[PDB]
$ cat protein_22.tsv   # TSV, C-alpha atoms (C1' of nucleotides) and all ligand atoms
chain	number	residue	atom	x	y	z
A	9	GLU	CA	4.59	-20.05	11.82
A	10	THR	CA	4.98	-20.53	15.53
A	11	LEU	CA	7.91	-22.81	15.93
A	12	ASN	CA	10.32	-20.70	14.04
A	13	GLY	CA	8.63	-17.33	14.31
A	14	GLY	CA	10.89	-16.29	17.18
A	15	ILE	CA	13.88	-16.29	15.01
A	16	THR	CA	11.84	-14.71	12.42
A	17	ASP	CA	10.78	-11.80	14.29
A	18	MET	CA	14.10	-10.74	15.68
A	19	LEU	CA	15.37	-11.14	12.13
A	20	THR	CA	12.96	-8.63	10.65
A	21	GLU	CA	13.49	-6.46	13.67
A	22	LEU	CA	17.13	-6.83	12.72
A	23	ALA	CA	16.47	-6.27	9.13
A	24	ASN	CA	14.17	-3.31	9.53
A	25	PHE	CA	16.71	-1.74	11.70
A	26	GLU	CA	19.59	-1.65	9.28
A	27	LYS	CA	17.23	-0.75	6.57
A	28	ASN	CA	15.69	2.40	8.18
A	29	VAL	CA	17.88	3.71	10.95
A	30	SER	CA	21.15	2.95	9.29
A	31	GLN	CA	21.22	2.65	5.51
A	32	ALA	CA	22.66	-0.90	5.25
A	33	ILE	CA	20.63	-2.12	2.27
A	34	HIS	CA	22.71	-5.24	1.98
A	35	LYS	CA	22.70	-6.59	5.58
A	36	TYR	CA	19.08	-5.56	5.50
A	37	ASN	CA	18.46	-7.70	2.45
A	38	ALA	CA	20.59	-10.30	4.23
A	39	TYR	CA	18.47	-10.22	7.44
A	40	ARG	CA	15.36	-10.70	5.33
A	41	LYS	CA	16.06	-13.75	3.20
A	42	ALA	CA	17.41	-15.82	6.09
A	43	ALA	CA	14.46	-14.51	7.81
A	44	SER	CA	12.43	-16.01	4.93
A	45	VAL	CA	14.13	-19.35	4.76
A	46	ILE	CA	14.36	-19.85	8.45
A	47	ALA	CA	10.67	-19.33	8.26
A	48	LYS	CA	10.01	-22.48	6.07
A	49	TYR	CA	12.26	-24.76	7.87
A	50	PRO	CA	10.12	-27.57	9.18
A	51	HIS	CA	11.74	-28.02	12.58
A	52	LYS	CA	12.71	-26.20	15.72
A	53	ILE	CA	15.95	-24.58	15.08
A	54	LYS	CA	17.83	-25.83	18.03
A	55	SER	CA	20.93	-23.95	17.51
A	56	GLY	CA	22.73	-21.50	15.41
A	57	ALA	CA	24.78	-24.29	13.86
A	58	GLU	CA	21.55	-26.16	12.85
A	59	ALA	CA	20.18	-22.92	11.26
A	60	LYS	CA	23.71	-22.47	10.08
A	61	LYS	CA	23.02	-25.29	7.69
A	62	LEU	CA	20.68	-22.92	5.85
A	63	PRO	CA	21.26	-20.87	2.73
A	64	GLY	CA	21.89	-17.24	3.56
A	65	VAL	CA	22.49	-18.28	7.16
A	66	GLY	CA	25.86	-17.04	8.05
A	67	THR	CA	28.26	-16.97	10.82
A	68	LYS	CA	26.85	-13.57	11.81
A	69	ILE	CA	23.12	-14.66	11.99
A	70	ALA	CA	23.94	-18.09	13.46
A	71	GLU	CA	25.57	-16.07	16.16
A	72	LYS	CA	22.38	-14.07	16.54
A	73	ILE	CA	20.49	-17.21	16.93
A	74	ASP	CA	22.41	-18.64	19.81
A	75	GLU	CA	22.10	-15.44	22.01
A	76	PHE	CA	18.51	-15.60	21.33
A	77	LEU	CA	18.31	-19.22	21.80
A	78	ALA	CA	20.05	-19.44	25.17
A	79	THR	CA	18.99	-16.03	26.39
A	80	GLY	CA	15.45	-15.15	25.36
A	81	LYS	CA	16.81	-11.81	24.32
A	82	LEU	CA	19.43	-10.14	22.24
A	83	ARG	CA	21.35	-7.09	23.46
A	84	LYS	CA	21.52	-5.85	19.95
A	85	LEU	CA	17.88	-5.92	20.07
A	86	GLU	CA	17.68	-4.20	23.47
A	87	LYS	CA	20.40	-1.65	22.58
A	88	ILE	CA	18.40	-0.54	19.56
A	89	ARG	CA	14.89	-0.79	21.07
A	90	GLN	CA	16.41	1.67	23.53
A	91	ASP	CA	18.15	3.94	20.92
A	92	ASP	CA	16.51	7.28	21.21
A	93	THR	CA	17.75	8.31	17.87
A	94	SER	CA	16.80	5.10	16.35
A	95	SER	CA	13.36	5.05	17.93
A	96	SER	CA	13.19	8.63	16.81
A	97	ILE	CA	13.28	7.70	13.16
A	98	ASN	CA	10.61	4.97	13.31
A	99	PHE	CA	8.25	7.30	14.98
A	100	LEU	CA	8.57	10.21	12.49
A	101	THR	CA	8.05	7.93	9.55
A	102	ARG	CA	4.42	7.33	10.71
A	103	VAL	CA	3.76	10.80	9.63
A	104	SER	CA	2.51	10.50	6.24
A	105	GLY	CA	4.81	11.85	3.68
A	106	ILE	CA	7.78	10.73	5.70
A	107	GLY	CA	10.16	8.06	4.56
A	108	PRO	CA	13.35	6.67	5.92
A	109	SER	CA	15.26	9.45	4.22
A	110	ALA	CA	13.36	12.27	5.65
A	111	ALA	CA	13.23	10.73	9.06
A	112	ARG	CA	16.95	10.56	9.17
A	113	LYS	CA	17.40	13.96	7.65
A	114	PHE	CA	14.81	15.51	9.93
A	115	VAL	CA	16.48	13.87	12.99
A	116	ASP	CA	19.84	15.20	12.49
A	117	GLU	CA	18.27	18.62	12.32
A	118	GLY	CA	17.05	17.87	15.86
A	119	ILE	CA	13.33	17.28	14.89
A	120	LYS	CA	12.42	13.98	16.59
A	121	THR	CA	8.87	14.55	17.67
A	122	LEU	CA	5.54	15.62	16.37
A	123	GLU	CA	5.83	19.05	18.04
A	124	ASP	CA	9.31	19.66	16.52
A	125	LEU	CA	7.66	18.90	13.28
A	126	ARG	CA	5.04	21.43	14.01
A	127	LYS	CA	7.54	23.97	15.16
A	128	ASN	CA	9.19	23.65	11.92
A	129	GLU	CA	6.37	23.60	9.50
A	130	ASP	CA	8.51	25.22	6.79
A	131	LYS	CA	11.03	22.32	6.43
A	132	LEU	CA	8.03	20.14	5.75
A	133	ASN	CA	6.34	19.36	2.35
A	134	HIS	CA	2.73	19.63	1.37
A	135	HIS	CA	2.23	15.94	1.61
A	136	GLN	CA	3.80	15.58	5.05
A	137	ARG	CA	2.31	18.96	5.82
A	138	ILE	CA	-0.97	17.14	5.45
A	139	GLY	CA	0.17	13.99	7.16
A	140	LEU	CA	1.10	16.20	10.03
A	141	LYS	CA	-2.14	17.95	10.11
A	142	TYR	CA	-4.18	14.76	10.35
A	143	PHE	CA	-1.68	12.61	11.97
A	144	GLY	CA	-4.33	11.38	14.45
A	145	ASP	CA	-7.18	10.74	12.06
A	146	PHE	CA	-4.84	9.03	9.72
A	147	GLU	CA	-3.76	6.45	12.07
A	148	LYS	CA	-7.51	5.97	12.90
A	149	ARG	CA	-9.43	3.03	11.61
A	150	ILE	CA	-12.55	3.27	9.45
A	151	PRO	CA	-15.77	1.56	10.77
A	152	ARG	CA	-17.51	0.01	7.79
A	153	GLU	CA	-20.62	1.74	9.05
A	154	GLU	CA	-18.70	4.77	7.63
A	155	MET	CA	-17.17	2.96	4.63
A	156	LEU	CA	-20.73	2.41	3.49
A	157	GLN	CA	-21.69	6.14	3.99
A	158	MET	CA	-18.65	7.16	2.24
A	159	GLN	CA	-19.14	4.64	-0.58
A	160	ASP	CA	-22.66	5.86	-1.13
A	161	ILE	CA	-21.71	9.39	-1.72
A	162	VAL	CA	-18.89	8.40	-3.96
A	163	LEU	CA	-21.15	6.56	-6.19
A	164	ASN	CA	-23.64	9.32	-6.36
A	165	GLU	CA	-21.29	12.02	-7.34
A	166	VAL	CA	-19.55	9.68	-9.62
A	167	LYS	CA	-22.86	9.09	-11.26
A	168	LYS	CA	-24.06	12.72	-11.17
A	169	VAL	CA	-21.27	13.95	-13.45
A	170	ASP	CA	-21.39	11.23	-16.11
A	171	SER	CA	-23.71	8.20	-16.08
A	172	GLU	CA	-21.00	6.22	-17.92
A	173	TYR	CA	-18.69	5.83	-15.02
A	174	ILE	CA	-18.05	2.72	-13.16
A	175	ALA	CA	-16.61	2.72	-9.65
A	176	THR	CA	-15.65	0.12	-7.26
A	177	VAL	CA	-14.35	0.31	-3.76
A	178	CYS	CA	-12.10	-2.72	-3.54
A	179	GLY	CA	-10.02	-4.47	-0.74
A	180	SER	CA	-11.05	-5.61	2.76
A	181	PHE	CA	-13.89	-3.16	2.46
A	182	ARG	CA	-15.18	-5.04	-0.41
A	183	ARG	CA	-14.01	-8.17	1.28
A	184	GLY	CA	-16.62	-7.38	3.89
A	185	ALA	CA	-14.25	-6.18	6.71
A	186	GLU	CA	-15.70	-4.53	9.90
A	187	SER	CA	-13.27	-1.56	9.66
A	188	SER	CA	-10.87	-0.37	6.99
A	189	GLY	CA	-8.06	2.13	7.03
A	190	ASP	CA	-8.56	3.80	3.70
A	191	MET	CA	-11.11	3.79	0.92
A	192	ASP	CA	-9.85	2.55	-2.41
A	193	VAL	CA	-12.03	3.66	-5.29
A	194	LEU	CA	-11.34	1.70	-8.62
A	195	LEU	CA	-12.61	3.50	-11.54
A	196	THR	CA	-13.26	3.19	-15.18
A	197	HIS	CA	-15.00	4.49	-18.09
A	198	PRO	CA	-15.72	3.16	-21.57
A	199	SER	CA	-14.37	6.13	-23.41
A	200	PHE	CA	-11.05	4.88	-21.81
A	201	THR	CA	-9.22	1.68	-22.74
A	202	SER	CA	-5.64	0.48	-23.42
A	203	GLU	CA	-5.03	2.67	-26.45
A	204	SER	CA	-7.56	5.66	-26.52
A	205	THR	CA	-4.88	8.17	-25.57
A	206	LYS	CA	-6.15	9.01	-22.12
A	207	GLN	CA	-8.64	11.68	-21.00
A	208	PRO	CA	-6.95	13.44	-18.08
A	209	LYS	CA	-10.28	15.08	-17.50
A	210	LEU	CA	-11.74	11.75	-16.74
A	211	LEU	CA	-10.38	11.70	-13.20
A	212	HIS	CA	-10.42	15.49	-12.84
A	213	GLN	CA	-14.18	15.57	-13.30
A	214	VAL	CA	-14.93	13.47	-10.36
A	215	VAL	CA	-12.22	14.94	-8.14
A	216	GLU	CA	-13.73	18.02	-9.12
A	217	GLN	CA	-17.10	17.07	-7.91
A	218	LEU	CA	-16.19	15.52	-4.71
A	219	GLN	CA	-14.51	18.75	-3.77
A	220	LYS	CA	-17.55	20.56	-4.98
A	221	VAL	CA	-19.58	18.85	-2.43
A	222	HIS	CA	-16.95	18.79	0.34
A	223	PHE	CA	-16.12	15.10	0.56
A	224	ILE	CA	-12.71	15.99	-0.70
A	225	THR	CA	-10.77	18.30	1.56
A	226	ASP	CA	-7.24	17.84	0.54
A	227	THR	CA	-5.04	16.43	-2.19
A	228	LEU	CA	-2.21	14.36	-1.10
A	229	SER	CA	-1.28	14.21	-4.80
A	230	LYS	CA	-3.43	14.55	-7.91
A	231	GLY	CA	-2.22	12.79	-10.95
A	232	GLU	CA	-3.66	11.97	-14.34
A	233	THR	CA	-4.85	8.62	-13.30
A	234	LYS	CA	-4.17	8.53	-9.62
A	235	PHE	CA	-5.56	11.11	-7.30
A	236	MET	CA	-4.53	10.90	-3.71
A	237	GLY	CA	-6.28	12.66	-0.91
A	238	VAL	CA	-8.36	12.80	2.00
A	239	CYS	CA	-11.97	13.08	2.64
A	240	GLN	CA	-14.45	13.72	5.51
A	241	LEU	CA	-18.11	12.64	6.00
A	242	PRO	CA	-20.05	15.67	6.66
A	243	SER	CA	-20.24	16.14	10.30
A	244	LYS	CA	-23.85	15.89	11.24
A	245	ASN	CA	-26.11	18.25	13.15
A	246	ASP	CA	-23.24	18.87	15.61
A	247	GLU	CA	-21.56	17.44	18.65
A	248	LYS	CA	-20.04	14.88	16.31
A	249	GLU	CA	-17.65	15.85	13.58
A	250	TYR	CA	-16.01	13.22	11.42
A	251	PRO	CA	-12.45	11.95	11.25
A	252	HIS	CA	-10.22	12.81	8.22
A	253	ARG	CA	-9.93	9.75	5.76
A	254	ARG	CA	-7.33	8.72	3.23
A	255	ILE	CA	-9.03	8.31	-0.06
A	256	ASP	CA	-7.74	6.97	-3.29
A	257	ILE	CA	-9.26	7.32	-6.65
A	258	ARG	CA	-7.66	6.12	-9.84
A	259	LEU	CA	-8.36	5.83	-13.59
A	260	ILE	CA	-8.69	2.46	-15.12
A	261	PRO	CA	-8.88	1.39	-18.69
A	262	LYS	CA	-12.34	-0.12	-19.07
A	263	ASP	CA	-10.46	-2.84	-20.85
A	264	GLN	CA	-8.75	-3.99	-17.66
A	265	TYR	CA	-11.25	-3.27	-14.95
A	266	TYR	CA	-12.14	-6.66	-13.63
A	267	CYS	CA	-8.59	-7.94	-13.28
A	268	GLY	CA	-7.29	-4.98	-11.29
A	269	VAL	CA	-10.50	-5.15	-9.34
A	270	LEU	CA	-10.21	-8.74	-8.87
A	271	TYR	CA	-6.65	-8.11	-7.75
A	272	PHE	CA	-6.92	-4.91	-5.65
A	273	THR	CA	-9.71	-6.73	-3.75
A	274	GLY	CA	-7.25	-9.25	-2.20
A	275	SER	CA	-6.65	-11.07	-0.30
A	276	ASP	CA	-3.00	-11.14	-0.90
A	277	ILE	CA	-3.41	-14.83	-0.22
A	278	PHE	CA	-6.59	-15.27	-2.37
A	279	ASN	CA	-5.04	-13.85	-5.44
A	280	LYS	CA	-1.65	-15.57	-4.92
A	281	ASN	CA	-3.58	-18.68	-4.66
A	282	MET	CA	-5.78	-18.16	-7.77
A	283	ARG	CA	-3.07	-16.63	-9.83
A	284	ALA	CA	-1.10	-19.75	-8.96
A	285	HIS	CA	-3.97	-21.85	-10.16
A	286	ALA	CA	-4.54	-20.21	-13.57
A	287	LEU	CA	-0.87	-20.95	-14.28
A	288	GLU	CA	-1.84	-24.59	-14.20
A	289	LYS	CA	-5.06	-23.98	-16.12
A	290	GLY	CA	-3.02	-22.55	-18.98
A	291	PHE	CA	-2.88	-18.90	-18.00
A	292	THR	CA	-1.31	-15.92	-16.64
A	293	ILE	CA	-2.86	-13.45	-14.19
A	294	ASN	CA	-1.80	-9.98	-13.28
A	295	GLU	CA	-3.18	-6.64	-12.18
A	296	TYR	CA	-4.34	-5.75	-15.73
A	297	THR	CA	-5.22	-8.87	-17.53
A	298	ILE	CA	-5.07	-12.60	-18.03
A	299	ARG	CA	-3.16	-14.22	-20.82
A	300	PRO	CA	-2.79	-17.75	-22.09
A	301	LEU	CA	0.43	-19.65	-21.86
A	302	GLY	CA	2.34	-21.12	-24.87
A	303	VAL	CA	4.30	-24.25	-24.15
A	304	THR	CA	7.51	-22.46	-25.42
A	305	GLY	CA	7.75	-21.70	-21.78
A	306	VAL	CA	5.94	-18.45	-22.38
A	307	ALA	CA	3.34	-16.65	-24.41
A	308	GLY	CA	0.90	-13.83	-24.35
A	309	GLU	CA	-2.37	-12.47	-25.69
A	310	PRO	CA	-4.81	-10.88	-23.16
A	311	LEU	CA	-8.20	-12.66	-23.20
A	312	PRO	CA	-11.21	-10.42	-23.03
A	313	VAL	CA	-12.97	-9.85	-19.71
A	314	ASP	CA	-16.49	-8.46	-18.96
A	315	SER	CA	-16.65	-9.21	-15.19
A	316	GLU	CA	-14.64	-11.02	-12.42
A	317	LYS	CA	-16.51	-14.03	-13.74
A	318	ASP	CA	-14.73	-14.29	-17.06
A	319	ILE	CA	-11.56	-14.43	-15.10
A	320	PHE	CA	-13.37	-17.06	-12.95
A	321	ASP	CA	-14.75	-18.94	-15.93
A	322	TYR	CA	-11.45	-18.65	-17.65
A	323	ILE	CA	-9.48	-20.61	-15.12
A	324	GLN	CA	-12.59	-22.72	-14.75
A	325	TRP	CA	-12.91	-21.83	-11.09
A	326	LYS	CA	-15.81	-21.46	-8.58
A	327	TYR	CA	-17.32	-17.93	-8.40
A	328	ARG	CA	-15.82	-16.67	-5.16
A	329	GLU	CA	-17.72	-13.77	-3.62
A	330	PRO	CA	-15.82	-10.91	-2.30
A	331	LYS	CA	-16.97	-11.93	1.18
A	332	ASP	CA	-15.00	-15.22	0.93
A	333	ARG	CA	-11.84	-14.27	-1.01
A	334	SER	CA	-10.15	-14.48	2.31
A	335	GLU	CA	-7.61	-16.92	1.12
B	1	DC	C1'	6.07	-1.56	-9.15
B	2	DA	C1'	4.24	1.95	-10.84
B	3	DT	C1'	2.88	6.76	-10.12
B	4	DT	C1'	3.65	11.28	-8.59
B	5	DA	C1'	6.44	15.38	-6.02
B	6	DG	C1'	9.89	18.10	-6.00
B	7	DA	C1'	14.42	19.73	-6.08
C	1	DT	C1'	16.47	13.91	-14.62
C	2	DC	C1'	16.60	11.32	-10.28
C	3	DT	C1'	15.37	9.94	-6.22
C	4	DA	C1'	11.54	9.52	-2.21
C	5	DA	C1'	7.36	8.06	-1.06
C	6	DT	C1'	2.63	5.68	-1.60
C	7	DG	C1'	0.41	1.70	-2.21
D	1	MN	MN	7.10	13.43	0.53
D	2	MN	MN	-4.65	2.46	-0.39
D	3	NA	NA	24.58	-21.43	5.00
D	4	NA	NA	5.47	7.67	6.34
$ encode --input "protein_22.tsv" --output "structure tokens"
Amino acid sequence: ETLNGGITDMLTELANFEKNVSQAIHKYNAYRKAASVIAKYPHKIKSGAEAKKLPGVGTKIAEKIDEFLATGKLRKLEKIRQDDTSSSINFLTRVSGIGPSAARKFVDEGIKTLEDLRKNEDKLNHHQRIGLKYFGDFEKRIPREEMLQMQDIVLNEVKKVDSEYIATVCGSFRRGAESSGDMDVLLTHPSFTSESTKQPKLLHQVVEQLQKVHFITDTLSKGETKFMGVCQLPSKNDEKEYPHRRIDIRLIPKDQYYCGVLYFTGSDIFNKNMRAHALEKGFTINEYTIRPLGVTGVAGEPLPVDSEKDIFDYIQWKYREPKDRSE
DNA sequence: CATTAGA
DNA sequence: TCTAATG
């Protein structure tokens, strides 16, 4: 966490590098796992050789260790960190709609900056075309003070169309968090459960409203259960317009609400921890349900859930408020 | 890891 | 149909 972190970081740097810039899946994978294991090791790795003892720790990483150990650096790190083409990729990628593949592809075409990107709007896709267009606002955080104003409208339009809906804004937001980077709207409806062969219109109604009002300004991608877009709080009585926000609405079977909600809400460590627990308590957790374990080694059958409580009751745990699901 | 674009 | 990208 702090004793071995050093190694860790260069590792991931190392991994990330092969993974994006180059296309070395393998070495990438290889940087990672050692990266993992070195992480758990209970002592100061004092040498490559000592690390070397570790599984997935090869001659090639042990070597990386020593350069780093003796010299607080690593040329391979410096050489890259430097790499104008390399750096070039990593930057691009921040545009939303841009992955490793496009970054590389774009690069070679000579596009290695935001302006180039602009210059060539044509070679760009809707999604990225958006990402471009709000590049600034997307990287921007979201002051809860806004999360709340956003949340409020969501709920009202949600409600205005059909009284039967049920939305939830999960995550850190929910978790209480001062600022958030995107609002995640969990949504269900009773006329929609596991079987009841959809209702595409279910999502489309809302999306439809939100645009109707102006909250929704763009569609990153609108699917039959997952809409992806952006939204903007109506800029006041002037002098202060609002920043463009990534929004995410999605259709949930009413029969799985609470779990996904419980889940989506985090923290990645809260869940991991609970989920771990229920295992003991004779269960199985996961983004859509909670089933009971059969000694066979396995077993199913999704218990019924009416609120995050059931799930709580179920594993006979303490009702943890969203505020304190920190870990 | 599943959902969506797009080619 | 795949393969990229989001989360
Ligand atoms: Mn794309
Ligand atoms: Mn999100
Ligand atoms: Na080894
Ligand atoms: Na990106």
$ atom_distance --input "protein_22.tsv" --atom1 "CA of residue 187 in chain A" --atom2 "CA of residue 272 in chain A"
16.9 Å
$ atom_distance --input "protein_22.tsv" --atom1 "CA of residue 182 in chain A" --atom2 "CA of residue 255 in chain A"
14.7 Å
$ interface_residues --input "protein_22.tsv" --of "chain A" --to "chain B" --cutoff "8 Å" --atoms "only C-alpha atoms (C1' of nucleotides)" --output "list in words"
residues 229, 230, 231 and 234 of chain A
$ atom_distance --input "protein_22.tsv" --atom1 "CA of residue 38 in chain A" --atom2 "CA of residue 100 in chain A"
25.2 Å
$ interface_residues --input "protein_22.tsv" --of "chain C" --to "chain A" --cutoff "10 Å" --atoms "all atoms listed in the file" --output "VMD selection string"
chain C and resid 4 to 7
$ residues_near_ligand --input "protein_22.tsv" --ligand "ligand MN 2 (chain D)" --cutoff "12 Å" --atoms "only C-alpha atoms (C1' of nucleotides) and all ligand atoms" --output "PyMOL selection string"
(chain A and resi 177-181+188-194+234-238+253-258+272-273) or (chain C and resi 6-7)
$ residues_near_ligand --input "protein_22.tsv" --ligand "ligand NA 3 (chain D)" --cutoff "9 Å" --atoms "all atoms listed in the file" --output "PyMOL selection string"
chain A and resi 59-67
$ residues_around --input "protein_22.tsv" --residues "residue 92 in chain A" --least-positions-apart "4" --cutoff "12 Å" --atoms "all atoms listed in the file" --output "PyMOL selection string"
chain A and resi 29+86-88+96-99+115+118+120-121
$ axis_aligned_box --input "protein_22.tsv" --around "chain C" --padding-each-side "5 Å" --output "lines of an AutoDock Vina configuration file"
center_x = 8.5
center_y = 7.8
center_z = -7.8
size_x = 26.2
size_y = 22.2
size_z = 23.6
$ residues_around --input "protein_22.tsv" --residues "residue 35 in chain A" --least-positions-apart "4" --cutoff "12 Å" --atoms "all atoms listed in the file" --output "compact mmCIF listing (two decimals) with C-alpha atoms, keeping the file's coordinate frame"
# COMPACT_ATOMS: atom_id res chain seq x y z
CA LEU A 19 15.37 -11.14 12.13
CA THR A 20 12.96 -8.63 10.65
CA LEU A 22 17.13 -6.83 12.72
CA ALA A 23 16.47 -6.27 9.13
CA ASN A 24 14.17 -3.31 9.53
CA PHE A 25 16.71 -1.74 11.70
CA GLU A 26 19.59 -1.65 9.28
CA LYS A 27 17.23 -0.75 6.57
CA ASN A 28 15.69 2.40 8.18
CA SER A 30 21.15 2.95 9.29
CA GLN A 31 21.22 2.65 5.51
CA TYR A 39 18.47 -10.22 7.44
CA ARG A 40 15.36 -10.70 5.33
CA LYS A 41 16.06 -13.75 3.20
CA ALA A 42 17.41 -15.82 6.09
CA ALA A 43 14.46 -14.51 7.81
CA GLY A 64 21.89 -17.24 3.56
CA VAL A 65 22.49 -18.28 7.16
CA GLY A 66 25.86 -17.04 8.05
CA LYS A 68 26.85 -13.57 11.81
CA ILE A 69 23.12 -14.66 11.99
$ closest_residue --input "protein_22.tsv" --among "A:150, A:287, A:321, A:185" --to "residue 306 in chain A" --atoms "only C-alpha atoms"
A:287
$ residues_around --input "protein_22.tsv" --residues "residue 137 in chain A" --least-positions-apart "3" --cutoff "12 Å" --atoms "all atoms listed in the file" --output "ChimeraX atom specification"
/A:103-106,122,125-134,140-143,226-228
$ build_atoms --input "protein_22.tsv" --residues "range 181-194 of chain A" --atoms "N, CA and C atoms" --output "PDB file, in the frame of the given file"
ATOM      1  N   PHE A 181     -12.605  -3.831   2.473  1.00  0.00           N
ATOM      2  CA  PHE A 181     -13.890  -3.160   2.460  1.00  0.00           C
ATOM      3  C   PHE A 181     -14.881  -4.001   1.730  1.00  0.00           C
ATOM      4  N   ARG A 182     -14.458  -4.255   0.533  1.00  0.00           N
ATOM      5  CA  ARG A 182     -15.180  -5.040  -0.410  1.00  0.00           C
ATOM      6  C   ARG A 182     -15.274  -6.422   0.159  1.00  0.00           C
ATOM      7  N   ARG A 183     -14.136  -6.866   0.690  1.00  0.00           N
ATOM      8  CA  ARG A 183     -14.010  -8.170   1.280  1.00  0.00           C
ATOM      9  C   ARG A 183     -14.951  -8.412   2.446  1.00  0.00           C
ATOM     10  N   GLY A 184     -15.667  -7.347   2.810  1.00  0.00           N
ATOM     11  CA  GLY A 184     -16.620  -7.380   3.890  1.00  0.00           C
ATOM     12  C   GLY A 184     -16.153  -6.651   5.145  1.00  0.00           C
ATOM     13  N   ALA A 185     -14.889  -6.789   5.512  1.00  0.00           N
ATOM     14  CA  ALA A 185     -14.250  -6.180   6.710  1.00  0.00           C
ATOM     15  C   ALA A 185     -14.901  -5.066   7.565  1.00  0.00           C
ATOM     16  N   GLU A 186     -15.112  -5.394   8.865  1.00  0.00           N
ATOM     17  CA  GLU A 186     -15.700  -4.530   9.900  1.00  0.00           C
ATOM     18  C   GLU A 186     -15.260  -3.064   9.831  1.00  0.00           C
ATOM     19  N   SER A 187     -13.935  -2.863   9.737  1.00  0.00           N
ATOM     20  CA  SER A 187     -13.270  -1.560   9.660  1.00  0.00           C
ATOM     21  C   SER A 187     -12.185  -1.642   8.620  1.00  0.00           C
ATOM     22  N   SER A 188     -11.889  -0.490   8.026  1.00  0.00           N
ATOM     23  CA  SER A 188     -10.870  -0.370   6.990  1.00  0.00           C
ATOM     24  C   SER A 188     -10.028   0.843   7.280  1.00  0.00           C
ATOM     25  N   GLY A 189      -8.869   0.950   6.718  1.00  0.00           N
ATOM     26  CA  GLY A 189      -8.060   2.130   7.030  1.00  0.00           C
ATOM     27  C   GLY A 189      -8.003   3.206   5.971  1.00  0.00           C
ATOM     28  N   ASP A 190      -8.524   2.884   4.801  1.00  0.00           N
ATOM     29  CA  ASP A 190      -8.560   3.800   3.700  1.00  0.00           C
ATOM     30  C   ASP A 190      -9.446   3.310   2.591  1.00  0.00           C
ATOM     31  N   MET A 191     -10.228   4.224   1.994  1.00  0.00           N
ATOM     32  CA  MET A 191     -11.110   3.790   0.920  1.00  0.00           C
ATOM     33  C   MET A 191     -10.492   3.952  -0.445  1.00  0.00           C
ATOM     34  N   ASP A 192     -10.386   2.777  -1.071  1.00  0.00           N
ATOM     35  CA  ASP A 192      -9.850   2.550  -2.410  1.00  0.00           C
ATOM     36  C   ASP A 192     -10.933   2.358  -3.474  1.00  0.00           C
ATOM     37  N   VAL A 193     -11.097   3.466  -4.216  1.00  0.00           N
ATOM     38  CA  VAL A 193     -12.030   3.660  -5.290  1.00  0.00           C
ATOM     39  C   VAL A 193     -11.360   3.419  -6.642  1.00  0.00           C
ATOM     40  N   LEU A 194     -11.735   2.241  -7.292  1.00  0.00           N
ATOM     41  CA  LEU A 194     -11.340   1.700  -8.620  1.00  0.00           C
ATOM     42  C   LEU A 194     -12.244   2.318  -9.637  1.00  0.00           C
TER      43      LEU A 194
END
